[PDB]
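Consider the single chain below, provided in structure tokens and representing the form deposited in one PDB entry.
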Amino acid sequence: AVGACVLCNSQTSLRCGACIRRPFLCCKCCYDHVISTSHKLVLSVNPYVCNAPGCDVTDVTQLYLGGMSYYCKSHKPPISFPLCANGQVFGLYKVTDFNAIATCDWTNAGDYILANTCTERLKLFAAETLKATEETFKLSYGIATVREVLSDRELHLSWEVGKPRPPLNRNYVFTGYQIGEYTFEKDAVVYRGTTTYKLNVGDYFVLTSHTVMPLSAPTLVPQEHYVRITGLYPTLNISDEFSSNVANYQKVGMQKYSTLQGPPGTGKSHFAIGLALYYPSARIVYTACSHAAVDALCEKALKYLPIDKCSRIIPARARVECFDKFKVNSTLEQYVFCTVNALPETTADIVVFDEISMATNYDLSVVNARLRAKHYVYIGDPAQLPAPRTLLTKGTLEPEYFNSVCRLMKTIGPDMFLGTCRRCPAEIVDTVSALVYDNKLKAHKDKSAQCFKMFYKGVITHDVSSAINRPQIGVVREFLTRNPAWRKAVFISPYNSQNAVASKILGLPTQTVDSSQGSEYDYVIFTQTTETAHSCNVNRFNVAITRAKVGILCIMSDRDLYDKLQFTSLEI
């Protein structure tokens, strides 16, 4: 009840009772909140409510102090002070942006913009509020009761009447009933249990409403520059394989935190694992939001770092299969590979946070909370995909608003930029270089002459809101008969539903752009499916075409993105 004011840190007894997080507001700040917003309930030891029996006045602007108690205009004694006067609310020890964050429903881009252009304590307030709102929204959706079981991977579902049904994809994970987490894909529908269970009829699934803990740590610890490499000890015998990165590795040592922008295939993993070889005694925690991102860092580490000094941290509430070739849950190994949400309370010489475009400010805060470290390294690419904002339906969230790291990378630039793509045929490198990297990304590879574009709008059907384009798949089927080398190709599209149909008709393995991120494949077939802001997003497009090492076929719906592809055009 006695805390610090989220805006100016001043001590007070005043929390807003109208904010979902109930932040401590100082007398001067609590005023400027309650006089500008629909937020009128002020809490303390005891609520600012009229003490008169049966009186329902809770609005602080309609309330007065009479003795050591509070009353409305109808009930106050002759000698009474209005609680709200002289730009203050009476409390012990006696902001536009705070107001917009406190009251917004988080459905507008402008909400996320302000949650990332504000002060550092407001970014945390913003982040808890957003996450709180995100969780209280999961309650809104309807329960999914099993009507009948078909096979070991398919069933039919009965939904709760009166409550909406949540988008059916791999994004939305339910907890079954505690028979383990589950996912669903398209009256036949496909069931995928984290725990293999003989699906029982009647049993129900509900969305995993996890409790939003308060944040304490900043998103970014304040920046420190050093004259000399602080708290780390470099090698002189540094493998030629990592010689390119020595000056960057010395930058990491001469700052508290550092930002690395590495476009696809430019050596992010190589740089991350290369940091351990350059500072060989240093204890490094390797963290990212997703199991895949951490598992990619584990695969790199397996190749170059001693396996006896590596641990993959796994939460006992195990969700997906992940990396098995380390000692599991040894927190005290020199090398710890762990998802943000599972991080132990520990210390480190270096923390490497990877896939930073996918991090929220909640995630950035948590990492600073659990890991006290000499150096924080932030790796990823603001031209790649952000974390889905499940509440955001209006406006598009630009890369400079993804999180504080991306904001820095897009405003003052990254500390370090990996400038040469070694994965992709030049046709792909030249396209994305112009599109999102201001022509600063260079091709190592030659043009493959295996990169093709076809402008084919086809016909757009919808599985609810998820888009399908059968004719675009028809064009792919036709291409495959004439191009048998592409038989091995991964099929990629911005929509699960399109992927479901392409799986059945083509037999290619299938991936959404968003799930493709971090992976690479010899051949990619991309069907844009629709012309929407989702399918035309330049970051998503960037990720889609940079998955390929040898060949790509893009069936396009959008003239702009089609024309920009520096590919050989096909006919039909």
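Residue positions are given as counts along the sequence shown, with the first one as 1.
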Exercise. Among the other PDB entries compared that flank it on both sides, is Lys73 unmodelled in a third or more?
Worked result: no
Exercise. Checking the other PDB entries with both flanking residues built, is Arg147 absent in a third or more?
Worked result: no
For this session: Please figure out whether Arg422 and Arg423 are truly consecutive in the deposited sequence or have unmodelled residues between them, and give none, 1 to 3, 4 to 9, or 10 or more.
Result: none
Exercise. Unmodelled stretch from the deposited sequence between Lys374 and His375, which bin: none, 1 to 3, 4 to 9, 10 or more?
Worked result: none
Seminar exercise, completed: Once average C-alpha B-factors are taken from the entry for 335-343 and 317-325, the winner is 317-325
Exercise. Mean C-alpha B factor from the entry: is it higher for 164-172 or for 74-82?
Worked result: 164-172
Exercise. Say you rank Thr103, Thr196, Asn403, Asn368 by Cα B-factor from the PDB entry; which sits at the top?
Worked result: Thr196
Exercise. Of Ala109, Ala502, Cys310, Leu139, which one's C-alpha B factor is largest in the deposited record?
Worked result: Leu139
Exercise. What third of its chain's C-alpha B-factors does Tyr48 belong to: lowest, middle or highest?
Worked result: middle
Exercise. Which third of the chain does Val513 land in by C-alpha B-factor: lowest, middle or highest?
Worked result: lowest
Exercise. Taking the C-alpha B-factors as the PDB entry records them, is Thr145 in the lowest, middle or highest third of its chain?
Worked result: highest
Exercise. Among the modelled residues of its chain, does the C-alpha B-factor of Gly274 lie in the lowest, middle or highest third?
Worked result: lowest
Problem set entry | Position of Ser243 among the chain's modelled residues by C-alpha B-factor, lowest, middle or highest third | middle
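There is another form of this protein, the form deposited in another entry, and it is not shown here; the text below is about that form.
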Exercise. With respect to the change between this form and the one not shown, which of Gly474, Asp105, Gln450, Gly87 is the hinge point between rigid parts?
Worked result: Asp105
